[PDB]
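> the sequence isn't on hand, but the structure is:
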Ligand SMILES: [Hg+2]
Ligand SMILES: [Hg+2]
Ligand SMILES: [Zn+2]
(Lines give C-alpha, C1' and ligand atoms only; values in the text may rest on other atoms or scores of the structure.)
(Ligands and ions follow the chains in the order given, each with its own letter.)
Protein backbone atom coordinates (compact mmCIF):
# COMPACT_ATOMS: atom_id res chain seq x y z
CA UNK A 1 0.00 0.00 0.00
CA UNK A 2 1.02 3.65 0.18
CA UNK A 3 4.21 4.51 2.05
CA UNK A 4 7.37 6.59 1.56
CA UNK A 5 9.63 4.33 -0.55
CA UNK A 6 10.59 4.66 -4.21
CA UNK A 7 7.81 2.32 -5.21
CA UNK A 8 4.88 3.62 -3.00
CA UNK A 9 6.08 7.12 -2.23
CA UNK A 10 4.37 10.50 -2.56
CA UNK A 11 4.97 10.53 -6.31
CA UNK A 12 2.70 7.50 -6.62
CA UNK A 13 -0.16 8.46 -4.30
CA UNK A 14 -2.25 10.06 -6.99
CA UNK A 15 -3.09 6.67 -8.53
CA UNK A 16 -5.04 5.55 -5.49
CA UNK A 17 -5.93 9.09 -4.27
CA UNK A 18 -6.50 11.46 -7.21
CA UNK A 19 -7.12 14.33 -4.82
CA UNK A 20 -3.33 14.22 -4.53
CA UNK A 21 -3.34 16.64 -7.47
CA UNK A 22 -6.07 18.84 -5.99
CA UNK A 23 -6.22 22.62 -5.57
CA UNK A 24 -5.59 22.80 -1.82
CA UNK A 25 -2.92 20.16 -1.15
CA UNK A 26 -0.43 20.36 1.67
CA UNK A 27 2.34 20.98 2.61
CA UNK A 28 3.58 24.14 0.88
CA UNK A 29 6.63 26.41 0.95
CA UNK A 30 5.92 29.52 2.96
CA UNK A 31 7.36 32.46 0.99
CA UNK A 32 7.80 35.04 3.77
CA UNK A 33 7.97 38.08 1.50
CA UNK A 34 4.68 37.11 -0.13
CA UNK A 35 2.67 36.15 2.98
CA UNK A 36 0.10 38.82 3.83
CA UNK A 37 -0.02 40.42 7.30
CA UNK A 38 -3.72 40.20 8.28
CA UNK A 39 -4.60 42.47 11.22
CA UNK A 40 -8.13 40.99 11.55
CA UNK A 41 -6.64 37.64 12.62
CA UNK A 42 -6.97 37.03 16.37
CA UNK A 43 -4.39 35.50 18.66
CA UNK A 44 -4.46 31.68 18.88
CA UNK A 45 -6.17 30.30 21.98
CA UNK A 46 -4.47 27.05 23.14
CA UNK A 47 -6.23 25.54 26.21
CA UNK A 48 -4.40 22.31 27.01
CA UNK A 49 -4.37 22.40 30.81
CA UNK A 50 -6.95 19.59 30.97
CA UNK A 51 -5.49 17.33 28.27
CA UNK A 52 -5.80 13.61 28.81
CA UNK A 53 -3.25 11.59 26.84
CA UNK A 54 -4.17 7.88 26.58
CA UNK A 55 -1.71 6.03 24.41
CA UNK A 56 1.06 6.00 21.89
CA UNK A 57 0.94 3.80 18.76
CA UNK A 58 3.16 3.07 15.75
CA UNK A 59 0.73 3.06 12.81
CA UNK A 60 3.30 2.12 10.20
CA UNK A 61 3.92 5.64 8.94
CA UNK A 62 4.46 7.58 12.23
CA UNK A 63 3.77 7.33 15.93
CA UNK A 64 0.63 9.06 17.26
CA UNK A 65 0.12 10.16 20.87
CA UNK A 66 -3.70 9.87 21.27
CA UNK A 67 -5.87 11.95 23.57
CA UNK A 68 -9.41 11.57 24.93
CA UNK A 69 -11.55 13.84 22.74
CA UNK A 70 -14.97 12.83 24.18
CA UNK A 71 -15.17 16.18 25.92
CA UNK A 72 -13.81 19.70 25.44
CA UNK A 73 -10.61 19.02 27.43
CA UNK A 74 -7.81 20.22 25.14
CA UNK A 75 -8.99 22.76 22.61
CA UNK A 76 -7.90 25.23 20.02
CA UNK A 77 -9.83 28.40 19.24
CA UNK A 78 -9.17 31.91 17.90
CA UNK A 79 -6.59 32.58 15.15
CA UNK A 80 -8.42 32.14 11.83
CA UNK A 81 -10.73 29.55 13.36
CA UNK A 82 -14.43 29.67 14.04
CA UNK A 83 -15.55 27.64 17.06
CA UNK A 84 -13.85 24.96 19.06
CA UNK A 85 -11.49 22.27 17.76
CA UNK A 86 -10.62 19.35 20.08
CA UNK A 87 -7.15 17.74 20.07
CA UNK A 88 -7.31 14.08 18.98
CA UNK A 89 -3.63 13.24 18.45
CA UNK A 90 -0.13 14.56 17.72
CA UNK A 91 2.58 13.02 15.55
CA UNK A 92 5.80 14.03 13.82
CA UNK A 93 7.51 13.84 10.40
CA UNK A 94 11.33 13.55 10.39
CA UNK A 95 14.25 12.85 8.07
CA UNK A 96 17.18 10.51 7.72
CA UNK A 97 19.57 13.49 8.20
CA UNK A 98 19.14 16.76 10.16
CA UNK A 99 19.01 18.80 6.90
CA UNK A 100 15.51 17.51 6.01
CA UNK A 101 12.37 16.11 7.68
CA UNK A 102 9.81 18.94 7.88
CA UNK A 103 6.88 19.00 5.43
CA UNK A 104 6.34 22.77 5.33
CA UNK A 105 9.37 24.84 4.40
CA UNK A 106 10.07 28.52 5.09
CA UNK A 107 11.67 30.38 2.13
CA UNK A 108 12.61 26.85 1.03
CA UNK A 109 14.40 26.10 4.33
CA UNK A 110 13.75 22.54 5.61
CA UNK A 111 13.82 21.70 9.35
CA UNK A 112 14.87 18.38 10.96
CA UNK A 113 11.31 17.53 11.88
CA UNK A 114 7.79 18.85 12.01
CA UNK A 115 5.15 18.28 14.79
CA UNK A 116 1.46 18.19 13.97
CA UNK A 117 -1.19 18.64 16.65
CA UNK A 118 -4.45 17.43 15.04
CA UNK A 119 -7.78 18.98 16.03
CA UNK A 120 -11.40 18.51 14.82
CA UNK A 121 -14.32 20.96 14.70
CA UNK A 122 -16.76 20.01 17.46
CA UNK A 123 -19.87 21.22 15.49
CA UNK A 124 -19.38 18.07 13.37
CA UNK A 125 -19.58 15.65 16.32
CA UNK A 126 -16.83 13.13 15.51
CA UNK A 127 -13.51 13.09 13.71
CA UNK A 128 -14.97 10.91 10.97
CA UNK A 129 -17.62 13.55 10.17
CA UNK A 130 -15.14 16.43 10.42
CA UNK A 131 -12.87 15.14 7.63
CA UNK A 132 -15.74 15.51 5.08
CA UNK A 133 -16.00 19.26 5.64
CA UNK A 134 -14.08 22.24 4.34
CA UNK A 135 -13.43 23.61 7.86
CA UNK A 136 -13.37 20.21 9.58
CA UNK A 137 -9.85 20.10 10.95
CA UNK A 138 -7.24 22.47 12.34
CA UNK A 139 -3.56 21.34 12.39
CA UNK A 140 -0.98 23.24 14.47
CA UNK A 141 2.46 22.79 12.83
CA UNK A 142 5.67 23.28 14.81
CA UNK A 143 9.17 22.99 13.33
CA UNK A 144 12.02 21.25 15.19
CA UNK A 145 15.66 22.34 14.68
CA UNK A 146 18.61 20.40 16.24
CA UNK A 147 20.23 22.22 19.15
CA UNK A 148 19.51 21.98 22.86
CA UNK A 149 17.38 19.19 24.29
CA UNK A 150 13.64 19.81 24.78
CA UNK A 151 12.78 18.63 28.26
CA UNK A 152 9.12 18.11 27.49
CA UNK A 153 9.84 15.60 24.67
CA UNK A 154 11.93 13.06 26.62
CA UNK A 155 8.92 11.07 27.97
CA UNK A 156 7.95 10.49 24.30
CA UNK A 157 11.57 9.60 23.41
CA UNK A 158 11.80 7.00 26.23
CA UNK A 159 8.66 4.96 25.25
CA UNK A 160 9.63 4.61 21.54
CA UNK A 161 11.47 1.37 22.42
CA UNK A 162 8.10 -0.20 23.26
CA UNK A 163 6.33 0.57 19.97
CA UNK A 164 9.23 -0.12 17.56
CA UNK A 165 7.19 -1.91 14.85
CA UNK A 166 3.85 -1.27 13.12
CA UNK A 167 0.75 -2.06 15.13
CA UNK A 168 2.39 -1.84 18.61
CA UNK A 169 0.83 0.50 21.22
CA UNK A 170 1.66 1.42 24.83
CA UNK A 171 -0.28 3.20 27.59
CA UNK A 172 0.85 6.83 27.54
CA UNK A 173 -1.01 8.67 30.31
CA UNK A 174 -0.46 12.09 31.85
CA UNK A 175 1.65 13.57 29.03
CA UNK A 176 1.25 17.38 28.91
CA UNK A 177 1.47 18.82 25.31
CA UNK A 178 2.27 22.21 26.73
CA UNK A 179 5.91 21.16 27.02
CA UNK A 180 6.09 21.12 23.15
CA UNK A 181 5.02 24.76 22.49
CA UNK A 182 7.52 27.44 21.59
CA UNK A 183 7.44 30.73 23.51
CA UNK A 184 5.69 32.70 20.77
CA UNK A 185 2.38 31.87 19.14
CA UNK A 186 2.97 34.02 15.96
CA UNK A 187 1.83 32.00 12.96
CA UNK A 188 1.11 31.63 9.31
CA UNK A 189 -2.22 30.16 8.11
CA UNK A 190 -3.70 28.84 4.84
CA UNK A 191 -6.37 26.35 3.74
CA UNK A 192 -4.92 22.89 2.98
CA UNK A 193 -5.21 19.17 3.41
CA UNK A 194 -3.99 16.11 5.30
CA UNK A 195 -0.41 15.38 4.17
CA UNK A 196 -0.93 11.61 4.12
CA UNK A 197 -3.59 9.63 2.26
CA UNK A 198 -6.48 10.15 2.14
CA UNK A 199 -5.21 13.72 1.58
CA UNK A 200 -8.65 15.15 2.28
CA UNK A 201 -8.79 18.94 1.78
CA UNK A 202 -10.44 19.72 5.09
CA UNK A 203 -7.67 21.45 6.98
CA UNK A 204 -6.98 24.91 8.27
CA UNK A 205 -3.19 24.96 8.74
CA UNK A 206 -1.60 27.03 11.52
CA UNK A 207 2.18 26.94 11.21
CA UNK A 208 4.10 28.59 14.09
CA UNK A 209 6.90 30.95 13.16
CA UNK A 210 9.17 29.86 16.02
CA UNK A 211 10.74 26.41 16.00
CA UNK A 212 11.43 24.39 19.17
CA UNK A 213 14.92 22.91 19.42
CA UNK A 214 15.64 19.24 20.20
CA UNK A 215 19.00 17.47 20.68
CA UNK A 216 20.70 15.30 18.13
CA UNK A 217 20.17 12.27 20.44
CA UNK A 218 16.39 12.92 20.76
CA UNK A 219 15.95 12.94 16.92
CA UNK A 220 18.20 9.85 16.76
CA UNK A 221 15.66 7.76 18.68
CA UNK A 222 12.91 8.73 16.20
CA UNK A 223 15.09 7.20 13.47
CA UNK A 224 15.20 3.88 15.28
CA UNK A 225 11.49 3.16 14.60
CA UNK A 226 10.29 0.72 11.94
CA UNK A 227 7.73 1.06 9.15
CA UNK A 228 7.48 -2.78 9.08
CA UNK A 229 5.57 -4.99 11.50
CA UNK A 230 7.21 -7.31 13.98
CA UNK A 231 9.07 -10.23 12.38
CA UNK A 232 9.40 -8.54 9.02
CA UNK A 233 12.47 -7.28 7.26
CA UNK A 234 13.56 -4.10 9.02
CA UNK A 235 12.94 -0.81 7.35
CA UNK A 236 13.86 2.28 9.34
CA UNK A 237 11.04 4.85 9.76
CA UNK A 238 12.83 7.78 8.23
CA UNK A 239 11.86 10.47 5.70
CA UNK A 240 8.11 10.13 6.36
CA UNK A 241 7.48 13.58 4.84
CA UNK A 242 5.61 14.75 1.76
CA UNK A 243 7.33 17.42 -0.36
CA UNK A 244 5.87 20.88 -0.91
CA UNK A 245 2.81 21.10 -3.23
CA UNK A 246 1.84 24.00 -5.54
CA UNK A 247 0.13 26.89 -3.77
CA UNK A 248 -2.12 27.48 -6.74
CA UNK A 249 -5.02 29.78 -5.96
CA UNK A 250 -4.15 30.36 -2.30
CA UNK A 251 -3.03 33.10 -0.04
CA UNK A 252 -0.89 32.49 3.00
CA UNK A 253 -1.70 35.04 5.74
CA UNK A 254 0.57 36.02 8.65
CA UNK A 255 -0.54 36.99 12.15
CA UNK A 256 2.53 39.24 12.50
HG1 LIG B 1 0.01 3.74 7.64
HG1 LIG C 1 -13.14 18.55 3.04
ZN1 LIG D 1 1.41 15.20 9.94
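That came through, no problem. Residues are numbered from 1 along each chain as shown. Ligands and ions are numbered 1, 2, ... in the order given.

> so which bits of this protein are right by ligand 1?
Selection of the chain residues close to ligand 1 by CB under 5 Å from the ion yields 60, 61. (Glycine included, C-beta is placed from N, CA and C.)

> residue furthest from the geometric center of the chain?
Relative to the centre of the chain, and counting by CA atoms, centre = their mean, the farthest-placed residue is residue 231 at 28.5 Å.

> that one falls within a helix, correct?
No - counting by DSSP: H, G, I helix; E, B strand; the rest coil, residue 231 is not part of a helix but coil.

> measure the closest residue to residue 58 other than its chain neighbours to ligand 1 for me?
With sequence-adjacent residues excluded and distances taken as CB to CB, 6 or more residues apart in numbering, residue 58 is closest to residue 163, at 4.3 Å. According to CB to the ion, to the nearest Å, residue 163 and ligand 1 sit 14 Å apart.

> ok, residue 163 - contacts?
Contacts for residue 163 (CB atoms under 8 Å, 6 or more residues apart in numbering) come out as 56, 57, 58, 63, 169, 170, 225.

> was I right about residue 148 contacting residue 216?
No - counting by CB atoms under 8 Å, residue 148 does not reach residue 216; the two are 10.3 Å apart.

> what is the neighbour count of residue 227?
Residue 227 has 21 neighbours, counted by other CB atoms under 10 Å.

> for it, what are its contacts?
With CB under 8 Å, 6+ apart as the criterion, the residues that contact residue 227 are 3, 4, 60, 61, 166, 235, 236, 237, 240.

> for the closest residue to the third one other than its chain neighbours, give the beta-bridge partners.
Think residue 60. Using CB to CB, 6+ apart and skipping the chain neighbours, the partner closest in space to residue 60 is residue 166 (3.7 Å). Beta bridges link residue 166 to residue 229, judged by DSSP bridges.

> burial count for residue 166?
19.

> and the helix or strand hosting residue 119, what does it pack onto?
Applying DSSP states H and E as the criterion places residue 119 in strand 113-121. Applying 3 or more CB pairs under 8 Å, 6 or more residues apart in numbering; DSSP states H and E, one finds that strand 113-121 contacts strand 75-78, strand 85-94, helix 127-130, strand 137-146.

> in this structure residue 93 contacts residue 240, no?
Yes - counting by CB under 8 Å, residue 240 is a contact partner of residue 93 at 5.5 Å.

> mind checking the backbone torsions on residue 213?
The phi/psi pair for residue 213 (degrees, to the nearest 10) reads phi -100, psi 150.

> wait, it sits on residue 151?
No - with contact defined as CB under 8 Å, residue 213 does not count as touching residue 151 (11.0 Å).

> re earlier: ok, now which ones touch the residue nearest to residue 60?
Residue 166 neighbours (CB under 8 Å, 6+ apart): 58, 59, 60, 226, 227, 228, 229, 230.

> now with 6 Å?
With contact set as CB atoms under 6 Å, 6 or more residues apart in numbering, residue 166 has these partners: 58, 60, 229.

> list the contacts for the residue lying closest to residue 87 once chain neighbours are set aside?
For residue 87, the nearest residue in space outside its immediate sequence neighbours is residue 74; the separation is 4.0 Å by CB to CB, 6+ apart. Contact analysis of residue 74 by CB under 6 Å, 6+ apart lists 48, 51, 67, 87.
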